[PDB]
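# Architecture at a glance
Read off the chains here:
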Amino acid sequence: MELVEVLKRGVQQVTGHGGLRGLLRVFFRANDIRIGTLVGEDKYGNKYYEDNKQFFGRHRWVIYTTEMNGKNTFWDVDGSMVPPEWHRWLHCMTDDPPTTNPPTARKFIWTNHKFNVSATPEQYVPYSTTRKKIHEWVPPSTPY
Amino acid sequence: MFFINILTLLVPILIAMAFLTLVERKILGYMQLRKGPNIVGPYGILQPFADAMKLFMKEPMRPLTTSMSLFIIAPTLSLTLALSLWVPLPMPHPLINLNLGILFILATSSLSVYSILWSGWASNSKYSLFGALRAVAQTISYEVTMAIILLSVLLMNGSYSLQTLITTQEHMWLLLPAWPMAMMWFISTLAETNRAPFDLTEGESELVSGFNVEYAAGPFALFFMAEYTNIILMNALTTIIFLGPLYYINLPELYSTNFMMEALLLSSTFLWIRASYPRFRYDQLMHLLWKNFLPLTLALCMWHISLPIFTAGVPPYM
Amino acid sequence: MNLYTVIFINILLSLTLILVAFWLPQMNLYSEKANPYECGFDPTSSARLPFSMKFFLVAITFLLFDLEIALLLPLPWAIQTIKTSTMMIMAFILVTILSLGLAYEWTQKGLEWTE
Amino acid sequence: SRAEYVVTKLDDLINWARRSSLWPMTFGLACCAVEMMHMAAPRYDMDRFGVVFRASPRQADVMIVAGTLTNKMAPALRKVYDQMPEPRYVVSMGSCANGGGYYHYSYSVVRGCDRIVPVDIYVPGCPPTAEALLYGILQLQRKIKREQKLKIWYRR
Amino acid sequence: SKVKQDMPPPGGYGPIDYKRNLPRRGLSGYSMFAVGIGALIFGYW
Amino acid sequence: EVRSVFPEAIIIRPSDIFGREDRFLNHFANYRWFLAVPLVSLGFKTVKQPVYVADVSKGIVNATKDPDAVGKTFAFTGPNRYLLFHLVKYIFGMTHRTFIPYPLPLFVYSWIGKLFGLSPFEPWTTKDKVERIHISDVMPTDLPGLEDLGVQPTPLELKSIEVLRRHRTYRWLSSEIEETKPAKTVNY
Amino acid sequence: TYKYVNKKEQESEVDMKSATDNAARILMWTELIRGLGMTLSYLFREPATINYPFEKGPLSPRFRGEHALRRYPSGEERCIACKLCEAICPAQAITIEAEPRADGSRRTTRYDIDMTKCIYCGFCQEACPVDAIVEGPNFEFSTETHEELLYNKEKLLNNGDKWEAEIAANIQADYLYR
Ligand SMILES: CCCCCCCCCCCCCCCCCC(=O)OC[C@H](COP(=O)(O)OCCN)OC(=O)CCCCCCCCCCCCCCCCC
Ligand code: SF4
Ligand code: SF4
Ligand code: SF4
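Residues numbered from 1 in each chain as written, not as in the entry; some residues may be left out. Chains lettered and ligands numbered in written order. Part of a larger assembly, values for the part shown. Heavy atoms only, no water.

Method of determination, as given in the entry header: cryo-EM; reported resolution: 3.10 Å.

### What to know about the site of ligand 4
The condition is simple: If a single non-hydrogen atom of a residue is within 4 Å of a molecule or strand, that residue counts as near it. Note on residue categories: nonpolar means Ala, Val, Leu, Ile, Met, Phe, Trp, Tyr, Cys or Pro, charged means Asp, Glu, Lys or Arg, and polar means any other residue, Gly included.
Neighbouring residues of ligand 4: G:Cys79, G:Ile80, G:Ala81, G:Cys82, G:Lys83, G:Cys85, G:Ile96, G:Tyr111, G:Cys128, G:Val130 and G:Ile133. Its residues assigned to classes, the shell around ligand 4 comprises 10 nonpolar, no polar and 1 charged.

### Here's the deal with the interface of chain F and chain B
Applicable threshold: Throughout, a contact is declared for two residues whenever any of their heavy atoms are within 4.5 Å. Once two parts are brought into contact, the accessible area they lose, counted with a 1.4 Å probe and summed over both, makes up the buried area. Salt bridges are defined by distance alone: a side-chain nitrogen of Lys or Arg within 4 Å of a carboxyl oxygen of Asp or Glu. Polar contact is defined as a pair of N or O atoms within 3.5 Å, subject to the rule that within protein one atom must be able to donate a hydrogen and the other to accept it, and that residues adjacent in sequence are counted only when both atoms are side-chain atoms.
Taken together, the contact pairs 6 residues of chain F with 4 residues of chain B. Here chain F meets chain B over a buried area of about 380 Å², counting both sides, of which 63% is carbon and sulfur. The three residues of chain F that bury the most area against chain B are F:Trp33, F:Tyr170 and F:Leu173, which together make up 78% of that side's buried surface. Our count for the contact surface shared by chain F and chain B stands at 0 salt bridges. Put simply, chain F and chain B have 1 residue pair in polar contact between them. A per-class count over the side of chain F that touches chain B returns 3 nonpolar, 1 polar and 2 charged.

### Looking at the sheet that holds strand β2 (residues 89-93) of chain D
Sheets are built from strands that pair by backbone hydrogen bonding, the pairs being arranged parallel or antiparallel. Residues and elements named next belong to chain D. Condition: Pairing between two strands requires that DSSP report at least two bridges joining them. By definition, any uninterrupted DSSP run of H or I lasting at least four residues is a helix, any uninterrupted run of E lasting at least two residues is a strand, and each is numbered from the N terminus. To obtain each axis, a line is fitted to C-alpha atoms, and for helices this fit is confined to the stretch in contact; angles are then taken between N-to-C directions over 0 to 180 degrees.
Strand order in the open sheet made by the 3 strands is β1-β2-β3, with parallel pairing throughout. Looking along the sheet, the strands with just one partner apiece sit at the ends: β1 (62-66) and β3 (121-123). The average undirected angle you get between the axes of adjacent strands in this sheet is 20°. In this sheet, β3 lies alongside β2 in parallel orientation, the contact comprising 3 bridges. Within β3, the position partnered with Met93 by the bridge is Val123. Seen against the sheet, helix α2 (residues 32-39) touches β1 and β2 and runs at an angle of roughly 130° to β1.

### A few points about the packing of aromatic side chains
Which entries qualify depends on this criterion: Note on aromatic contacts: the rings of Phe and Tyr and the six-membered ring of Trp form a pair at centre separations within 6.5 Å, being stacked when their planes are under 30 degrees apart, edge-to-face when over 60 apart, and tilted otherwise. Working definition: with a 1.4 Å probe on protein chains only, accessible area under 20% of the residue-type maximum means buried, over 50% means exposed, and in between means partly exposed. The criterion is that NZ of a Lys, or CZ of an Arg, lies within 6 Å of the ring centre and within 35 degrees of the ring normal, and then a charge sits over that ring.
Scanning all chains against the criterion turns up 42 aromatic pairs over all chains. Here the aromatic rings of A:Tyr48 and A:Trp89 are separated by 6.5 Å at their centres, their planes lie at 85°, and the arrangement is edge-to-face. Of this pair, A:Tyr48 sits in the loop between α2 (20-30) and β1 (49-50) while A:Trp89 sits in helix α3 (residues 84-90), and the two are 41 residues apart along the sequence. Like A:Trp89, A:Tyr48 is buried. Seen in terms of ring centroids, B:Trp303 and B:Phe310 are 5.3 Å apart; in terms of plane orientation they differ by 50°. Their pairing is tilted. Geometry around A:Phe74 places A:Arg29 over its ring, the cationic atom sitting 5.4 Å from the centre. For G:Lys155, the ring lying beneath its charged end belongs to A:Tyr124, and the centroid distance is 5.9 Å.

Right, dumping it as structure tokens:
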């Protein structure tokens, strides 16, 4: 019957993350067991699953890394870690991922994305990019 | 061993209050097209503990304009009465078998009013005083109907004991002879506990946390858990008096489980009612409960006086 | 001793919980948080002033109706008597008289609030 | 095992509690309060994270300065911040409150709520998307996660 | 090539509903009082 | 040792400072939780010349700009030398609670301070605190002070209510500065 | 035209049937069970919430968030110190100071944006005649200090070197509309 089909779907959700280890690693870390098609992995380890039968806010989702640039992100998960290759796809600006439609490569684009830095070092301290405008007189090193 | 029985009667009720919090939030959520807590635990089963620890680690407030004695002794009274009301509850065999159980209930609740009513005075603020006076009006509205409804209901029982209703409902619920009495008792239990649509004491958009605006920490936690314990209590009383579960002298655990089911349904109904309707105005409440419920309550008291007699259905004394 | 025991235990629970609430945390006391709330700005006056209530008559008649509750409440014991007719008529008289008084208050507009 | 380890774990526990149950205040002055509402709306439900509004400041653990702060409303904001009981946090929302915003050079505007209340996190925008304010809230959670209060108590 | 401007499709969009639609339901009132009074008399017996 | 290492230094020597979140006036006012206040020799044979925080702060903030004060010590004392009994009486009048003084030796009060200082948290009292409370303040007129640095010292009577209204109850919180029969000054 | 919202046509039709119907609207809370059933219906719907850091709300190529200064494919700096982005910026968030680069090129020695004054309006990116400054996609740069939101040339060039893979594509989508 119908109850049986939905319970079968629940069993598929329960048994589709490796084993109990991976099931818990996903459930206590994202609060969702939902299965989707692996669209493509990142160079850091993010997964970027997909399932189009869901409604238009849950048909794309990330499963973040456990270590991005030496931060131990098993729990301290944040949204800045999605590089721009996948920002466009995750926020549904396109239906074209970087596996099929990659971006134009340029010699100045960062190879290693950076998570948000606001409390650590490696953050942004502001300053004036200009120079001394008025130059003061340097007196002699001799008397008279 | 009585102390172990006190444990079994006390700590699960506190767990159940703490998880009624979660059930409230999640049912209001799903009635609001959203999901409640699912972050802190697997499905939010630790959010009550997080809330409690956060409250008991926040610094309290002893303001300067207040009366510290009432300020501190009122939450004590609130929790103590909310937790003492659960004591003579037959589920089916009670801890404290009293021959005047419902009188103890009524007196304990009418004293539970005084927690709110002294806290609001000791908190020397305008909003607290608004809330205390609103509670005065609320009690003046509902207590008359509570007493007379319960009188006319137990007029087919024969006693004020609560163990006797389990025998009065051996073959049938008291909901069928008295559904109107059950209706008005339900709304009375709703005005009691200061629950919606009759909140009228913590009236967020009228009284910004009335009778609690100066309470921050574990004191506020005490008021909160007292409310969420009296809710389960009143649902338990509804299902003991009206929705009588099955006794089966060999098996009392069947009574306990059916009582659990019915009280869960009635508490979920309380949350449903909160999510559905807006607040009354606290003069509309008095007018309603003096001009619609009290005449009908008196008339049905008359009817349930006549009814034992012209039916020859007078109940027994013990 | 059982009911006394239970109530003492609940009293102890509450007092221990309040001790915890007051002596566990860290405090930074000063007059700008110990002064009364009143929604951002300070009070123009005190809260310990006359608060004109407008259901005082309904409060008095609630007191009278509580006395009537007291008179009605012995019925679960009265009904087991042998007569069953004096009590029937007296309960009818009591309830009808109470309801007549309520109707008089209603018509003379005591249940209404002093606008 | 060791006293310092026990203290670190107790710190983790209390930080987890204060981090998972933070109760912001119904304090929304201008447009940014609408995005605050939309973060209370079903798509980005705050209550999922244990974040529920309490209209009283004394039942509040954080304030979100969502709107422009005038010279006439600053005393009230400061009275409310004082009335909040410690531990207490502030979150400045929008360019009007972080700095002056679109009214920095005007006569009745304080050029930053940070002139009046201390600020833990600044959420930029005009308005910020509710996802952005949610990022700010979770950043405040990350911040509470590393308090090390009982540690310094042990090391005093 | 010719222009492209996101116009409505040819033949207009479908018929949108805007009027109030609160459908009557329930019983006839007679029946509700009858069921209540029947349960009441049965419980009395 | 600071002179021995870093000369061309400034060494400020304030008296016991009072302020909103001090540990001097609040410390004497928190003696209401005990129903009587102990004082060595009933407060007499002890003299206190307290100073306000704003004065010391302005003094430091000017000394960091004064071309003088490079090898100078200072005595940030403030005016109106006070006798301890009268000072605590003024505290317990401005904080309108009550006043039950009584004598106490120094050895038992030292033991009290010790067992109070048996605390992992911030203690209420200590042996060194009692000792520092019950020795008089030096007549500071051998040294410059504030007015040699650009601050006119503030009397206690003008700023104490800001500190002490926190401790009042209702029935007295709405009371002014001019209803406390001020403390009796001494010179000695 | 118009139409009434709370005006009956008129009165004076009553029968025992209609009176019983209104009396069972009363005395049974008929019109309240409807709201109860409504809220119950909502209990059994898929909620619209999303696991935010993992699954995120939909945005568009036109979306304007963080700011960034761009380059040509040669890596050449694209701004030219024309200083109309500061002329029009209605919050006066942009200060610019320029010089010849010692290659003889028109370039800025300064480009600051107080991001606590920017109203995120996009006038600068639609006024820049070279598409140098844009308003990128990012909305997740909340900070613990005010000073971090006071940008300079280096932070903007870093935002450009970061988000060019996304900026270029969103521009690719969005031109022909501007
Ligand atoms: C055999 C012959 C003799 C038989 C004798 C018996 C005769 C039949 C007796 C029928 C009487 C039934 C009792 C009904 C009580 C309600 C009375 C009433 O009229 O409603 C009161 C109030 C009126 O509101 P208003 O629109 O202003 O109308 C008044 C106009 N002057 O309207 C309201 O009450 C609204 C306020 C309450 C809203 C609270 C929300 C409740 C939601 C429904 C909960 C349902 C669940 C109940 C479960 C309880 C089970 C224990
Ligand atoms: S920053 Fe913008 S959106 Fe926010 S309050 Fe100011 S004008 Fe409104
Ligand atoms: S988006 Fe508008 S307010 Fe922001 S920098 Fe550009 S022109 Fe100025
Ligand atoms: S960013 Fe663009 S508009 Fe602004 S000065 Fe440079 S070239 Fe001109």
